[PDB]
Amino acid sequence: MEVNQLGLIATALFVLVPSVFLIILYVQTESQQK
Amino acid sequence: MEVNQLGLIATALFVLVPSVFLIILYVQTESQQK
Amino acid sequence: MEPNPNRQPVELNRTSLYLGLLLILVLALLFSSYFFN
Amino acid sequence: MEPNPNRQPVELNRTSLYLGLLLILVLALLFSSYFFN
Amino acid sequence: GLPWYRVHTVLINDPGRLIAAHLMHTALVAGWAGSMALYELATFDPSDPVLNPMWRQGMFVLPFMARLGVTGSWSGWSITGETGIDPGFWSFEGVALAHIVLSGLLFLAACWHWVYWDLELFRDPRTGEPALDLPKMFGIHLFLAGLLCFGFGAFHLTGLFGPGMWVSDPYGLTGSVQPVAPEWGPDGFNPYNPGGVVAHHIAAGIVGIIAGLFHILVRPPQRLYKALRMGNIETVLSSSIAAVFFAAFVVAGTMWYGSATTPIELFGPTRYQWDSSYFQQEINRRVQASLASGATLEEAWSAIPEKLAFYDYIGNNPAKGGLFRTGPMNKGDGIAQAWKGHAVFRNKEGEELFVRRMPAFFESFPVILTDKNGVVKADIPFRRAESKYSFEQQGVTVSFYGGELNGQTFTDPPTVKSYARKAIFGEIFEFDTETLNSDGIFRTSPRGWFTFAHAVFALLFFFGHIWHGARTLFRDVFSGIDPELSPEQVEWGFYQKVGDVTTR
Amino acid sequence: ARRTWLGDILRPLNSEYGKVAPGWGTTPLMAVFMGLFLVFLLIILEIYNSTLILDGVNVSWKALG
Amino acid sequence: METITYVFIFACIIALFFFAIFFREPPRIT
Amino acid sequence: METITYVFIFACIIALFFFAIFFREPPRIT
Amino acid sequence: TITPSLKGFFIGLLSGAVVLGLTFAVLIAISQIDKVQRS
Amino acid sequence: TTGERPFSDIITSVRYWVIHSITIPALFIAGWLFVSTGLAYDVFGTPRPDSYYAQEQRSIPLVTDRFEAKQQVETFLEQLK
Amino acid sequence: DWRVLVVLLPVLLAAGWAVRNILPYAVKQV
Amino acid sequence: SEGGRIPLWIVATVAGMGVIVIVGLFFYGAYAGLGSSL
Amino acid sequence: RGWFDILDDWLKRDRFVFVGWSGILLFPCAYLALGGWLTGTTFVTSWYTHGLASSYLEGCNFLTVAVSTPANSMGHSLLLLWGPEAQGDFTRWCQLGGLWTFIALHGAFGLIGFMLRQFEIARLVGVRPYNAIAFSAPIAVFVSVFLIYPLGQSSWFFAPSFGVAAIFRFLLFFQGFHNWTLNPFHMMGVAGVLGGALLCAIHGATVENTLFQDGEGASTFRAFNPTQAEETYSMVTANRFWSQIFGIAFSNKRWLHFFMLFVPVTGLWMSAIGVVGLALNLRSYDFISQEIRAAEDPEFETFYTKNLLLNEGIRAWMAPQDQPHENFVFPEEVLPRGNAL
Amino acid sequence: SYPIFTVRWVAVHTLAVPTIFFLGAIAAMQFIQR
Ligand code: CLA
Ligand code: CLA
Ligand code: CLA
Ligand code: CLA
Ligand SMILES: CCCCCCCCCCCCCCCC(=O)OC[C@H](COP(=O)(O)OC[C@@H](O)CO)OC(=O)CCCCCCCCCCCCCCC
Ligand SMILES: CC1=C(/C=C/C(C)=C/C=C/C(C)=C/C=C/C=C(C)/C=C/C=C(C)/C=C/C2=C(C)CCCC2(C)C)C(C)(C)CCC1
Ligand SMILES: CC1=C(/C=C/C(C)=C/C=C/C(C)=C/C=C/C=C(C)/C=C/C=C(C)/C=C/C2=C(C)CCCC2(C)C)C(C)(C)CCC1
Ligand SMILES: CCCCCCCCCCCCO[C@@H]1O[C@H](CO)[C@@H](O[C@H]2O[C@H](CO)[C@@H](O)[C@H](O)[C@H]2O)[C@H](O)[C@H]1O
Ligand SMILES: CCCCCCCS[C@@H]1O[C@H](CO)[C@@H](O)[C@H](O)[C@H]1O
Ligand SMILES: [Ca+2]
Ligand SMILES: [Ca+2]
Ligand SMILES: [Mg+2]
């Protein structure tokens, strides 16, 4: 099919950038003293 | 020019995935007590 | 340099991580068709 | 559940972060031409 | 710790670091401007301001540089299609460069203010606590804004010391940058009168200056200080957000309806010019003037500027796009090459027939031809079995006048039909659909995209205003209500005046 | 906190935190201006809207050629 | 690539269901 | 987009130079 | 020159002024009469 | 409570019904007559069943000019002879 | 227009009636 | 006069019946005169 | 304690219907919008604007009456009674559709009034203003649909008309012309409304079915006291039940109720963004890849192409009466139709 | 012991008076014939 060629990277960054934001915040929360 | 169409996402992920791995590790180190 | 007294630790608990990832992934599942067009 | 006694905290100091990012970024700067070909 | 959506609240009592964050935001915005201009320069084709102007090519910041007088490239071209011009430093490239350099300097300043946050300047000299005198700051900043507004009007726009602004004829054929004198009569409040923009910046500038001095020299009334919480920087956040979404709705509106500051040569025509057949009326007027002067049909139509005809085409209507149909208009119908000329349709009896034009509402539209009285004379049928008006039955032909098909006539039903199909979009053009692999689906212009972005952002900033206004006026309870809230305060009739314990 | 040359210069401009004028002060005047501003906006809106139509004011691209 | 993307996002979501349920932070009574 | 990629990576490297120099972990004598 | 629509604008302006003024006159008057008792 | 008399009290009081057994029917009858006398039609400019079209006309009297719309409607109404 | 009087005669007869019936309590209140 | 003289249940019953009557009339009108399709 | 403060005193008295400073804006505008709608739907035609009957007086019922938008030729005229169109004539004003702008505008200012009321009462009672904040979604919806959308289009004519069947028509128009169901912002809207409904249902039912026995009655409503300190239902049991049924469960009540605010409010906000797009015909109308494939391949069929055929039918068959100012005449032979039908 | 003419009274009647008038009108309309 003649899809938009930027669709792949658009989707990939759309998922990865904020997911990575959240993972960073979570991991550094876990590592704080209990 | 007629570049390989996956070159863009390949490069972006080549950079982002290990960079993000490192950023996670660094930030959770900083957040540890002392 | 003297330390800044306004610093605060940041937190994201596990449930917030799961909710956030759900929002992101589901938004992606929704919008991707439109990005590919 | 009993906590696992084999657990260990992990570290990456700032200098290691800078070295690692330098490595990644320079590797990408090198290999990207071949990725676009 | 702080939840993720509050990380930036650490700035609330740190004027130095707040200024650093603002410097960093400003750096990012300036950097975006620079980058965007560079990308547009790397993709813009200057070779045909007639049928391939900036608004066909998805240019978003180029028209804003042009609006205020940046029209040339160091490489020698101009957006008005001139050659051998010397723009000086302030070419598109110069502007981009300036913005990049500005971005860099702001970045550095941000670092300095972040590291050296603890300046005595930010401390209340009596209490030693961080404190900003927001009312006097408002005075100072308003004074400065007033100066700058006044100067922009009095020197830049007038051409007194500066280039002026983009102006044009009512059909956007001969636009250029000109000095504009202020208009001090009522027509100054006409949105299509540039003189009004000048007068505005002069008068509002002066007022800004006077009011600025007022706000510098006169303290707020205690009752307003208390009512609006003028000791709390979030109050300024709320009212500023309100001002900003007001401004955003306004620029969305003037972009969509058109004004002296949204010229069609820079942003494309408006949808309402298609609705009211603005250009078609002007074209017909010119052709009739030509014929009355003794010109032939071919001569009259050949005297119509391609630019004018191109405005009379629905592919340039900003209300024909799609939310996910991305990119320049050229990516849709193609890069316009030439006017084919005006199509005149006739039936076998030689009656002139007129193709019913597509309204902006319709993604698809039938092909119907009427006489000058609106009587249906031909069409392209769906069901054939009871067709009465087919082009074959009615012997429909099409003759072209002006443009590349001038003097030619077509009689074979397929060709005639193809041209009728194109006539529903207005004047007919030849397109290059190959260079960009165009897909033949209409996209909107920068007038559309700007209007969309800014109406949406405005609407969102309404919520921002609501939220921060709430946070301001309810600061005492936004961690929860008084744990010892007496049932009598919310019972009915215990107090004569709601929430007033002195009215038992 | 740290003093600087420029800081010492600007110090007075950020020294009157919390200072107010007694009571209602210039609120009535402020009100007047707000009123005027309202009417002003009402005018330009209506001019743009063709609800208010003035001689020599043609709200169209055909305003001036 | 489109199909791969759709199915990949879906798969990540199912994996997420699994962790959110079996590897949730346990509710604890105070 | 290729040119944008090359320039982007280069730019990130220069930024990294800035942080690695002016925002290094300071050496401290024991 | 005062056009019909400028005349109309003055009529709307004035009408709104009358509505707001009457409203606040009555409200202030009633508030003056029926005062909240305090101790 | 907030000082007003309970509705239960009011609507079950004799006086209330002495008042409203007059005022409610009066209003009802007033509205009734507003329709039956035909006044409603003329106040709001609503067509009676015989005033949507002239006898042989089949074209809706659609308003098409913004600033002379009033005159257009007046013309349309005259067109019903 | 006689129709406005024939129509708004009930309304004003009602208003007059209730004014008549509530007058003493209204005066006592005012 | 004094409140409670007329039983709230009678008021409710009468009011309710009145509502049923007027609504009943409106549904009658759906079948007669204007709007009846006839 | 001057006149301003005395007035403030009176405005804020604890009466049956609270007034407040906000009441001065709210009550006249809400009263005029409701009254205008009732007046119009009872007595006023749409003959001269739409070629429609729209009042009880003309024979319409509750489902079919409306206060209809002005003629397309009015553009976006404020259409004030004293304006250049009606010129002070009440009857002509009604005939030109003046009540539509009357209702939309008094309504908009009334909504501002109501939200201000929410702030004012919250401030007076000592609660956080989250109710007002939540009311921002109704505002966004009203402003995007009744003001922004028509302002983007040719005229007030294409705003929704205020009536039941009129609104239904608005829906069908948006399907046929905008393919609105395809729009991801509308879809988020739907997720927020249906999700809101789900949360309402499940939360109400859960609370009602994890109640503590706090009385002897088999009808359990009386066994609650507003002043009581104790939770009236078991959060722990609720949590275990839903954990074992659905896999996950709320454990935090505060988060639960914030979430109940968040879902429908956000949904409505997203739908608003979509309608702002539709104001410019900036639609999610097509998938370009779909169309390229289908144009080249006459055997390729999906539910997307099916629905576009439906849209094309809607447009062709509804436009001439729905858009009378366009004077559409579509001869029978050009009407799109499948076999037999 | 209770007032008669209150804010509540006004509110109530601004709704109730027109409502009864209107219902009279709609009632009358049920007997209109084309
Ligand atoms: C002048 C603009 C402006 C500024 C300076 C602020 C500042 C603030 N906001 Mg407010 N707000 C604004 C407009 C603004 N807001 C608007 C328009 C909205 C509606 C969308 C809001 C709705 C809002 C809510 C609901 C809340 C705030 C909160 C806050 C405070 C904490 C913010 C934070 O740490 O975020 C941290 C944010 C992140 C770590 C990531 C956010 C990522 C976003 C969602 C997507 C990416 C955005 C993209 C990069 C931006 C592009 C630029 C833009 C022009 C399009 C801070 C004072 C919070 C608060 O009051 O705390 C006490 C809070 O709860 N804001
Ligand atoms: C140093 C001075 C300076 C100069 C001369 C320019 C010049 C330019 N900029 Mg750059 N810019 C600058 C600094 C500057 N910029 C900074 C610091 C930033 C970061 C914020 C930017 C970010 C930026 C962006 C993102 C863009 C530009 C663009 C441009 C070009 C278009 C200008 C325009 O249309 O703005 C229009 C300006 C306004 C409409 C101002 C509105 C003012 C509001 C109404 C004031 C409201 C508050 C006020 C207090 C109200 C009271 C006033 C009182 C008198 C009553 C022009 C070449 C555009 C461009 O072409 O990029 C290549 C563009 O897209 N600039
Ligand atoms: C003011 C904003 C703005 C506007 C109006 C424009 C306008 C334009 N841009 Mg520019 N641009 C901008 C900012 C803007 N730009 C920014 C910030 C960047 C840096 C990324 C660019 C970089 C850029 C490039 C590289 C190009 C353009 C191009 C264009 C042209 C085509 C537009 C297009 O296809 O968009 C399409 C718009 C959409 C598909 C809408 C996206 C909607 C988002 C995804 C919705 C998000 C939903 C969200 C996740 C929901 C969250 C829900 C949650 C709250 C619960 C058009 C003239 C093109 C061009 O023709 O250049 C010559 C082009 O190639 N722009
Ligand atoms: C606070 C409540 C309130 C608000 C906010 C509105 C708002 C509105 N009304 Mg409504 N209305 C109201 C109560 C309200 N009304 C009441 C109580 C009535 C019964 C009388 C009406 C009856 C009514 C009708 C019949 C109409 C409106 C209309 C309108 C709209 C246009 C009004 C306008 O342009 O005024 C302009 C005037 C002002 C804004 C007054 C400002 C005065 C300034 C601040 C002070 C200076 C005055 C100055 C001294 C006067 C000098 C005059 C001199 C030159 C001759 C606007 C949405 C019109 C409409 O909706 O058309 C579609 C319309 O036709 N209203
Ligand atoms: C008796 C009439 C029943 C009508 C249909 C059922 C309505 C209630 C069902 C809702 C289920 C919610 C999920 C469980 C929610 C749940 O757990 O319920 C709990 C709630 C309280 O339970 P209790 O144990 O206290 O009382 C129920 C029995 O045990 C008897 O005491 O149940 C009731 O209130 C029953 C109400 C009967 C009367 C209800 C009539 C309401 C509808 C009236 C008709 C309206 C039609 C409008 C059309 C225009
Ligand atoms: C240091 C220095 C320097 C340099 C500098 C520089 C070089 C800079 C650059 C800069 C830059 C280069 C910047 C850029 C920026 C950008 C940005 C900031 C962007 C952003 C974006 C966004 C935000 C977007 C978003 C979106 C998307 C993505 C999608 C759609 C929607 C939207 C639009 C939302 C110099 C030498 C001068 C000197 C001094 C020193
Ligand atoms: C517009 C206007 C105005 C105003 C007026 C008004 C304000 C009016 C009001 C009116 C009204 C205020 C009316 C009312 C009416 C009512 C009605 C008509 C009702 C009916 C009812 C019914 C029918 C019921 C039903 C039901 C239900 C709902 C449920 C239950 C069951 C039943 C079925 C019973 C003015 C003058 C300012 C100016 C000009 C314009
Ligand atoms: C390409 C996309 C990538 C997106 C990247 C997003 C970047 C996000 C960066 C998050 C910054 C985290 O900020 C981090 O906060 C933690 C606490 O939360 C701080 O940690 C601090 O508090 C904790 C708890 O009191 C102490 O144990 C610790 O000793 C102290 O240093 C770190 O000093 C800081 O580095
Ligand atoms: C940081 C980049 C600085 C480069 C400065 C180059 C000056 S270039 C110079 O500029 C003048 C002003 O526009 C023109 O009059 C003149 O023709 C032009 O050559
Ligand atoms: Ca092709
Ligand atoms: Ca008859
Ligand atoms: Mg009937």
# chains A, B, ... in the order shown; residues from 1 in each chain; ligands from 1
call {"tool": "residues_near_ligand", "arguments": {"ligand": "ligand 1", "cutoff": "8 Å", "atoms": "only C-alpha atoms and all ligand atoms", "output": "PyMOL selection string"}}
result
chain E and resi 4-9+11-12+234+237+240-241+457+460-465+467-468+471
call {"tool": "residues_near_ligand", "arguments": {"ligand": "ligand 8", "cutoff": "7 Å", "atoms": "only C-alpha atoms and all ligand atoms", "output": "PyMOL selection string"}}
result
(chain A and resi 17-18+20-21+24-25+28-29+32-33) or (chain B and resi 16+20+27+30-34) or (chain C and resi 8-11) or (chain E and resi 1)
call {"tool": "calpha_fit_and_write", "arguments": {"fixed": "chain D", "moving": "chain C", "output": "mmCIF file with C-alpha atoms, in the first residue's frame"}}
result
data_model
loop_
_atom_site.group_PDB
_atom_site.id
_atom_site.type_symbol
_atom_site.label_atom_id
_atom_site.label_comp_id
_atom_site.auth_asym_id
_atom_site.auth_seq_id
_atom_site.Cartn_x
_atom_site.Cartn_y
_atom_site.Cartn_z
ATOM 1 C CA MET C 1 7.644 -13.667 49.528
ATOM 2 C CA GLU C 2 11.059 -13.719 51.241
ATOM 3 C CA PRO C 3 13.542 -11.207 49.734
ATOM 4 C CA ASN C 4 16.291 -12.393 47.394
ATOM 5 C CA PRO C 5 19.708 -11.952 49.054
ATOM 6 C CA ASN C 6 21.491 -11.727 45.698
ATOM 7 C CA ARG C 7 20.163 -8.296 44.721
ATOM 8 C CA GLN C 8 22.735 -5.541 44.181
ATOM 9 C CA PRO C 9 22.231 -1.851 43.323
ATOM 10 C CA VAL C 10 23.400 -0.725 39.885
ATOM 11 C CA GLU C 11 25.334 2.453 39.128
ATOM 12 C CA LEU C 12 26.353 4.659 36.219
ATOM 13 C CA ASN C 13 28.304 7.762 37.208
ATOM 14 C CA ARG C 14 28.114 10.995 35.232
ATOM 15 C CA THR C 15 31.459 10.503 33.500
ATOM 16 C CA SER C 16 30.316 7.068 32.325
ATOM 17 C CA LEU C 17 27.123 8.659 31.035
ATOM 18 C CA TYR C 18 29.139 11.226 29.033
ATOM 19 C CA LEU C 19 31.525 8.572 27.686
ATOM 20 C CA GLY C 20 28.644 6.269 26.770
ATOM 21 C CA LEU C 21 26.697 8.996 25.004
ATOM 22 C CA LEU C 22 29.861 9.987 23.137
ATOM 23 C CA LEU C 23 30.398 6.386 21.993
ATOM 24 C CA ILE C 24 26.782 6.037 20.899
ATOM 25 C CA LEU C 25 26.516 9.389 19.124
ATOM 26 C CA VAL C 26 29.859 9.014 17.379
ATOM 27 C CA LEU C 27 29.099 5.456 16.293
ATOM 28 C CA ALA C 28 25.829 6.867 14.940
ATOM 29 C CA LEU C 29 27.600 9.665 13.117
ATOM 30 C CA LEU C 30 29.852 6.992 11.609
ATOM 31 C CA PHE C 31 27.324 4.311 10.657
ATOM 32 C CA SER C 32 24.386 6.471 9.581
ATOM 33 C CA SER C 33 25.763 7.095 6.037
ATOM 34 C CA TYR C 34 25.865 3.361 5.581
ATOM 35 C CA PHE C 35 22.338 2.902 6.938
ATOM 36 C CA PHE C 36 21.087 5.510 4.438
ATOM 37 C CA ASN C 37 23.390 4.025 1.712
#
call {"tool": "residues_near_ligand", "arguments": {"ligand": "ligand 4", "cutoff": "7 Å", "atoms": "only C-alpha atoms and all ligand atoms", "output": "tab-separated table (two decimals) with N, CA, C and O atoms, in the first residue's frame"}}
result
chain	number	residue	atom	x	y	z
F	35	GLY	N	-14.51	50.07	31.04
F	35	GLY	CA	-15.76	50.31	30.34
F	35	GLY	C	-15.49	50.77	28.93
F	35	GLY	O	-16.04	50.22	27.96
F	36	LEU	N	-14.59	51.75	28.82
F	36	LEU	CA	-14.27	52.30	27.51
F	36	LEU	C	-13.71	51.20	26.62
F	36	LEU	O	-14.16	51.02	25.47
F	38	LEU	N	-14.26	48.10	26.75
F	38	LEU	CA	-15.30	47.17	26.32
F	38	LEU	C	-15.97	47.75	25.10
F	38	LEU	O	-16.06	47.08	24.05
F	39	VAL	N	-16.35	49.02	25.20
F	39	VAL	CA	-17.08	49.62	24.11
F	39	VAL	C	-16.19	49.60	22.89
F	39	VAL	O	-16.64	49.24	21.80
I	10	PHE	N	-25.80	53.10	18.83
I	10	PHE	CA	-26.05	53.95	19.98
I	10	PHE	C	-27.28	53.46	20.75
I	10	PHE	O	-27.30	53.48	21.98
I	11	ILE	N	-28.29	52.97	20.03
I	11	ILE	CA	-29.48	52.45	20.69
I	11	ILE	C	-29.18	51.20	21.51
I	11	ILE	O	-29.68	51.05	22.63
I	12	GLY	N	-28.36	50.30	20.96
I	12	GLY	CA	-27.98	49.11	21.69
I	12	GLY	C	-27.16	49.47	22.92
I	12	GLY	O	-27.34	48.92	24.01
I	13	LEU	N	-26.26	50.42	22.72
I	13	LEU	CA	-25.35	50.85	23.76
I	13	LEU	C	-26.15	51.38	24.93
I	13	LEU	O	-26.00	50.94	26.08
I	14	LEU	N	-27.06	52.29	24.59
I	14	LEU	CA	-27.90	52.95	25.57
I	14	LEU	C	-28.84	51.99	26.27
I	14	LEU	O	-29.01	52.06	27.48
I	15	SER	N	-29.42	51.06	25.51
I	15	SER	CA	-30.32	50.06	26.06
I	15	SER	C	-29.61	49.19	27.09
I	15	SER	O	-30.16	48.92	28.16
I	16	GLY	N	-28.40	48.76	26.76
I	16	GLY	CA	-27.61	47.96	27.68
I	16	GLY	C	-27.25	48.74	28.93
I	16	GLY	O	-27.28	48.20	30.04
I	17	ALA	N	-26.92	50.02	28.75
I	17	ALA	CA	-26.62	50.90	29.87
I	17	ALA	C	-27.82	51.02	30.81
I	17	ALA	O	-27.67	51.00	32.03
I	19	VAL	N	-30.39	48.85	31.08
I	19	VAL	CA	-30.61	47.55	31.72
I	19	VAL	C	-29.65	47.35	32.91
I	19	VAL	O	-30.09	47.03	34.02
I	20	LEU	N	-28.36	47.57	32.69
I	20	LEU	CA	-27.35	47.39	33.74
I	20	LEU	C	-27.54	48.37	34.90
I	20	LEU	O	-27.44	48.01	36.08
M	24	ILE	N	-25.74	37.85	38.72
M	24	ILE	CA	-26.08	39.02	37.90
M	24	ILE	C	-25.83	38.75	36.42
M	24	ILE	O	-26.57	39.24	35.56
M	25	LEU	N	-24.82	37.95	36.10
M	25	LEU	CA	-24.59	37.54	34.72
M	25	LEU	C	-25.46	36.33	34.39
M	25	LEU	O	-26.17	36.32	33.39
M	28	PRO	N	-30.12	36.40	34.27
M	28	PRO	CA	-30.73	36.93	33.04
M	28	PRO	C	-30.35	36.16	31.77
M	28	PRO	O	-31.23	35.90	30.96
M	29	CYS	N	-29.08	35.79	31.60
M	29	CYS	CA	-28.68	35.11	30.36
M	29	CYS	C	-29.25	33.69	30.24
M	29	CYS	O	-29.75	33.29	29.18
M	78	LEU	N	-24.11	39.11	13.85
M	78	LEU	CA	-24.55	39.01	15.23
M	78	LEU	C	-26.08	38.99	15.25
M	78	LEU	O	-26.69	38.39	16.13
M	79	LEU	N	-26.68	39.61	14.23
M	79	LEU	CA	-28.11	39.63	14.06
M	79	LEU	C	-28.82	40.21	15.29
M	79	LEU	O	-29.82	39.66	15.78
M	80	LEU	N	-28.29	41.31	15.78
M	80	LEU	CA	-28.91	42.04	16.89
M	80	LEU	C	-30.26	42.61	16.48
M	80	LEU	O	-30.48	42.94	15.32
M	81	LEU	N	-31.19	42.71	17.44
M	81	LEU	CA	-32.53	43.21	17.15
M	81	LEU	C	-32.47	44.62	16.55
M	81	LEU	O	-33.24	44.97	15.66
M	82	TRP	N	-31.54	45.43	17.05
M	82	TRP	CA	-31.39	46.81	16.59
M	82	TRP	C	-30.38	46.91	15.45
M	82	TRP	O	-30.01	48.01	15.02
M	98	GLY	N	-33.22	35.78	14.18
M	98	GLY	CA	-32.62	36.50	15.30
M	98	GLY	C	-32.55	35.73	16.61
M	98	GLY	O	-31.59	35.85	17.38
M	99	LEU	N	-33.57	34.91	16.85
M	99	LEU	CA	-33.61	34.11	18.07
M	99	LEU	C	-32.46	33.11	18.15
M	99	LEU	O	-32.06	32.71	19.25
M	101	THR	N	-29.15	33.56	17.19
M	101	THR	CA	-27.99	34.24	17.75
M	101	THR	C	-28.30	34.73	19.16
M	101	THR	O	-27.43	34.69	20.04
M	102	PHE	N	-29.54	35.16	19.37
M	102	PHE	CA	-30.02	35.53	20.71
M	102	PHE	C	-29.76	34.43	21.76
M	102	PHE	O	-29.16	34.66	22.84
M	103	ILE	N	-30.21	33.22	21.42
M	103	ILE	CA	-30.04	32.06	22.28
M	103	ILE	C	-28.58	31.60	22.40
M	103	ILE	O	-28.13	31.25	23.49
M	105	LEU	N	-25.82	33.34	22.04
M	105	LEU	CA	-25.00	34.31	22.74
M	105	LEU	C	-25.40	34.43	24.22
M	105	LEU	O	-24.52	34.35	25.11
M	106	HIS	N	-26.69	34.60	24.48
M	106	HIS	CA	-27.14	34.66	25.89
M	106	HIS	C	-26.77	33.33	26.56
M	106	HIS	O	-26.41	33.30	27.72
M	109	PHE	N	-22.89	33.36	27.39
M	109	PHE	CA	-22.66	34.19	28.57
M	109	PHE	C	-23.29	33.59	29.83
M	109	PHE	O	-22.81	33.80	30.95
call {"tool": "calpha_fit_rmsd", "arguments": {"fixed": "chain B", "moving": "chain A"}}
result
0.1 Å
call {"tool": "closest_residue", "arguments": {"among": "F:4, F:24, F:47, F:37", "to": "ligand 2", "atoms": "only C-alpha atoms and all ligand atoms"}}
result
F:37
call {"tool": "residues_near_ligand", "arguments": {"ligand": "ligand 11", "cutoff": "12 Å", "atoms": "only C-alpha atoms and all ligand atoms", "output": "number ranges by chain"}}
result
J: 48-51; L: 33-34, 38; N: 32-34
call {"tool": "interface_residues", "arguments": {"of": "chain F", "to": "chain J", "cutoff": "12 Å", "atoms": "only C-alpha atoms", "output": "list in words"}}
result
residues 50, 51, 52 and 53 of chain F
call {"tool": "write_last_selection", "arguments": {"atoms": "N, CA, C and O atoms", "output": "PDB file, in the first residue's frame"}}
result
ATOM      1  N   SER F  50     -19.874  43.675  10.192  1.00  0.00           N
ATOM      2  CA  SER F  50     -20.833  44.395   9.342  1.00  0.00           C
ATOM      3  C   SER F  50     -22.174  44.636  10.053  1.00  0.00           C
ATOM      4  O   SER F  50     -23.202  44.853   9.406  1.00  0.00           O
ATOM      5  N   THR F  51     -22.146  44.619  11.384  1.00  0.00           N
ATOM      6  CA  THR F  51     -23.286  45.032  12.200  1.00  0.00           C
ATOM      7  C   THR F  51     -23.234  46.541  12.362  1.00  0.00           C
ATOM      8  O   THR F  51     -24.266  47.214  12.465  1.00  0.00           O
ATOM      9  N   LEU F  52     -22.015  47.067  12.390  1.00  0.00           N
ATOM     10  CA  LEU F  52     -21.815  48.511  12.409  1.00  0.00           C
ATOM     11  C   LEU F  52     -21.169  48.970  11.106  1.00  0.00           C
ATOM     12  O   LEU F  52     -20.058  48.568  10.776  1.00  0.00           O
ATOM     13  N   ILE F  53     -21.878  49.814  10.368  1.00  0.00           N
ATOM     14  CA  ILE F  53     -21.458  50.208   9.030  1.00  0.00           C
ATOM     15  C   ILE F  53     -21.319  51.708   8.905  1.00  0.00           C
ATOM     16  O   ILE F  53     -22.291  52.446   9.033  1.00  0.00           O
TER      17      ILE F  53
END
call {"tool": "residues_near_ligand", "arguments": {"ligand": "ligand 7", "cutoff": "9 Å", "atoms": "only C-alpha atoms and all ligand atoms", "output": "count of residues only"}}
result
40
call {"tool": "residues_around", "arguments": {"residues": "residue 62 in chain J", "least_positions_apart": "2", "cutoff": "6 Å", "atoms": "only C-alpha atoms", "output": "list in words"}}
result
residues 60 of chain J; 48 and 49 of chain M
call {"tool": "residues_around", "arguments": {"residues": "residue 25 in chain K", "least_positions_apart": "4", "cutoff": "10 Å", "atoms": "only C-alpha atoms", "output": "list in words"}}
result
residues 21, 29 and 30 of chain K; 3, 4 and 5 of chain N
call {"tool": "select_by_dssp", "arguments": {"residues": "chain B", "states": "alpha helix (DSSP H)", "output": "JSON, numbers by chain"}}
result
{"B": [7, 8, 9, 10, 11, 12, 13, 14, 15, 16, 17, 18, 19, 20, 21, 22, 23, 24, 25, 26, 27, 28, 29, 30]}
call {"tool": "closest_residue", "arguments": {"among": "M:165, M:125, M:256, M:198", "to": "ligand 5", "atoms": "only C-alpha atoms and all ligand atoms"}}
result
M:198
call {"tool": "residues_around", "arguments": {"residues": "residue 127 in chain M", "least_positions_apart": "6", "cutoff": "8 Å", "atoms": "only C-alpha atoms", "output": "list in words"}}
result
residues 477, 480 and 481 of chain E
call {"tool": "atom_distance", "arguments": {"atom1": "CA of residue 411 in chain E", "atom2": "CA of residue 374 in chain E"}}
result
23.0 Å
